[PDB]
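First the structure, in the form of structure tokens, and then the observations on it.
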Amino acid sequence: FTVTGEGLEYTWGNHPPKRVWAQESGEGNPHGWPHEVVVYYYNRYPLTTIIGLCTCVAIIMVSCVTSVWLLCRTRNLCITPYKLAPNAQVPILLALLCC
Amino acid sequence: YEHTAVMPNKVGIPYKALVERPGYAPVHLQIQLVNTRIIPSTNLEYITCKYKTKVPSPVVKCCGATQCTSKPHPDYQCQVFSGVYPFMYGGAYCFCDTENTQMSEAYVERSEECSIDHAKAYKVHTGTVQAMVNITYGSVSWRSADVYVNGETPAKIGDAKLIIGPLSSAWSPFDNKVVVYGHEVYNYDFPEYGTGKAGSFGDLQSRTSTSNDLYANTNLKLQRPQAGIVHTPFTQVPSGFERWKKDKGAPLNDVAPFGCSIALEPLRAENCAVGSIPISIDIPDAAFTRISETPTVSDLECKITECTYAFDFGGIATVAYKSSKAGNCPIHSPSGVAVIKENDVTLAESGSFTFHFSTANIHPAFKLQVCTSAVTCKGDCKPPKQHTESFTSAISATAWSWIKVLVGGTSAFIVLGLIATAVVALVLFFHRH
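Just so you know, the sequences run in chain order A and B.
Here the numbering used here is used: the first residue of the first sequence is 688, the next is one more, and so on.
Here the numbering used here is used: the first residue of the second sequence is 2, the next is one more, and so on.
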């Protein structure tokens, strides 16, 4: 049987009914290296933890890819002033190299 | 003086409040439910049971024939047969020729055991709500009284006045039609009004307990006696009441959601826990006292010894204190992050004592007030291992919060740096001319 926080109850034959509020289980630990903390943040809520993990990985990866696209676009913008580079002119003394 | 609040509905968990009347020492009150008895409004439809067929003694003639007449009886029957030539013990057998005489009437009525076991049909409407409450405030002992549930009906317990309800939800566990038998009920949502079904669930439907009409059929049929022996054969469908007795589904008292039993006599649906309740209570003004008679509390220090979140009281902390004079005054936690097991504590000069409490958070941050004085006890982390807990997504641990703030800050930093670099590139060109 699968008990939860709300509890469960059952009977048997002519015995009076009985109730059990099974809970409080702590498989894992929330302190230490990322992996064990993750496994605890997993087993705590049997499924909402899982869906939370899926959502979190999705949102962090989409944030990272958006950041890298912005990186590329800003890099393109930083490339743009080098229109003066083919002109064979005085060095500019900046983050990029110029003889 | 009076006080109002809202209390979550649960049979066991008590409720502790701390009324404030400026210019007076605070008083705390303790109120605890005992019941919640939904009662519906019901009326009877009819009863049913197992039937029984009786047959009066048939009549024959040694010659000639007669005809039978229909009488006003529930599923009355009569018929005539031909060429009997019957037989009797050592007798002349009541014949000399073609007999052609037979009555064989049949008759249906209620059984003698119908008085005890009998299903009943009902129609159900909303009905009332009421409960009972055990109360204690200040120094008065436990006092108990019952009260209806609506924002209008007062009830006095000792010297207080009560106004509670209406409930926060209009939920009920019953349907429009129910059936009651023996000890429990069923949502057999389709009884029948006057139409039987030849022995499925309605075949003998007495409008009342001792009515004289049974507006249902049993598909009774007669047969022709054979071999000239005086008897009245017949045939009929077996009683459908028995069949429904054998194949009753799940009784309601094993399917009701929210975990609430079902009493019989008033059709009580007790303890069905749901929603909250608006409460409003007034205490007499003779139970307050002047604010200058209580020991002033100052120089507080609360230290958390050890705790662990579980459904029982698994937290203990200590407080050091500097008194004004000896006395007793209550303690309370206005915040809901943790519940205080204790209610009121004595105080000595240069106080230092401890108490107990439950919680539901890794890092309890509850702040308590005592004796007209505030103190925060931020506690620490507690090791992991039915009762009042919050569980409000407030379990984000120190490492959890650390990682989340790290990732958010990193994303923000990179995106803002890129945005800055864009205009940094642009302004150069804006300056080239």
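Using N, Cα and C, we set each Cβ at its ideal position, and we do this for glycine too.
Excluding residues up to 5 positions away in sequence, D176, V179, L253 lie with their Cβ nearer than 7 angstroms to the Cβ of B:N188 in the same chain. Where A:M748 is concerned, the enclosing alpha helix (DSSP H) starts and stops at 735-766. For the pair of segments examined, the stretch 300-320 of chain B was found not to touch the stretch 190-197 of chain B: the number of CB pairs separated by less than 8 angstroms stays below three.
Assignment of beta-bridge partners to B:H357 by DSSP yields B:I317. An exposed status is given to B:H434, since fewer than 16 other beta-carbon atoms sit within 10 Å of its beta-carbon. The residues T309, in chain order, have a CB closer than 6 angstroms to that of B:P384 in the same chain once the five nearest residues on each side in sequence are set aside.
With a cutoff of 8 angstroms on beta-carbon distance, B:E3 and B:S281 are scored as near each other. For a cut-off of 8 angstroms, the C-beta gap from B:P155 to B:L163 is around 6 angstroms, short enough to register as a contact.
Counting the other Cβ atoms within 10 Å of the Cβ of B:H232 gives fewer than 16, which makes it exposed. Every unbroken stretch of the beta strand (DSSP E) spanning 3 or more residues and falling wholly within the stretch 85-116 of chain B is given here in chain order: 108-111. With fewer than 16 other Cβ atoms from the protein chains shown falling within 10 Å of its own Cβ, B:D147 counts as exposed.
Under DSSP, B:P9 shares a beta bridge with B:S277. The C-alpha of B:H126 lies about 21 angstroms from the C-alpha of B:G152. Counting along the chain, the unbroken beta strand (DSSP E) around A:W699 starts and ends at 695-699. Burial state of A:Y769 is exposed, judged by a 10 Å Cβ sphere holding fewer than 16 other Cβ atoms. What A:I779 touches in chain B, judged by beta-carbon distance under 9 angstroms, is nothing: the nearest beta carbon there is about 10 angstroms away.
CA-to-CA, the gap between B:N329 and B:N10 works out to about 31 angstroms.
For B:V186, the enclosing beta strand (DSSP E) has its first and last residue at 185-187. For B:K405, the enclosing alpha helix (DSSP H) covers residues 399-433.
Per the coordinates, the alpha-carbon of B:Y16 lies some 19 angstroms from the alpha-carbon of B:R38. At a Cβ-Cβ threshold of 8 angstroms, B:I40 and B:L268 count as neighbours. Within chain B, the C-beta atoms nearer than 7 angstroms to that of A:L757 come from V416, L419, in chain order. Secondary structure of A:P703 (DSSP, three-state): strand. Any Cβ of chain A closer than 8 angstroms to the Cβ of B:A26 would place that residue at the interface, and such an atom is absent.
Selection A:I747, A:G719, A:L771 evaluated against B:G409 yields A:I747 as nearest (Cα-Cα). Below 8 angstroms, enough C-beta pairs join the stretch 717-725 of chain A and the stretch 397-407 of chain B to call them touching: three or more. With respect to chain A, the C-beta atom of B:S412 has a partner C-beta closer than 8 angstroms. Close partners of A:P717 in chain B (Cβ separation under 9 angstroms): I363, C382, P385, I396, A398, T399, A400, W401.
With 16 or more other Cβ atoms inside 10 Å of its own Cβ, B:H119 counts as buried.
Against A:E723, chain B offers no close residue; the least beta-carbon distance is about 10 angstroms (beta-carbon pairs closer than 9 angstroms). Per DSSP, the continuous beta strand (DSSP E) segment holding B:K17 begins and ends at 15-20. Considering only B:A107, B:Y108, B:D160, the residue with the shortest C-alpha distance to B:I284 is B:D160.
B:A339 is positioned such that its CB atom lies no closer than 8 angstroms to that of A:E711. In chain B, no part has a C-beta under 9 angstroms from the C-beta of A:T689; the shortest such distance is about 16 angstroms. According to the DSSP secondary-structure assignment, B:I48 is paired through a beta bridge with B:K121, B:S207.
By the beta-carbon neighbour count (other beta carbons within 10 angstroms, threshold 16), A:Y697 is exposed.
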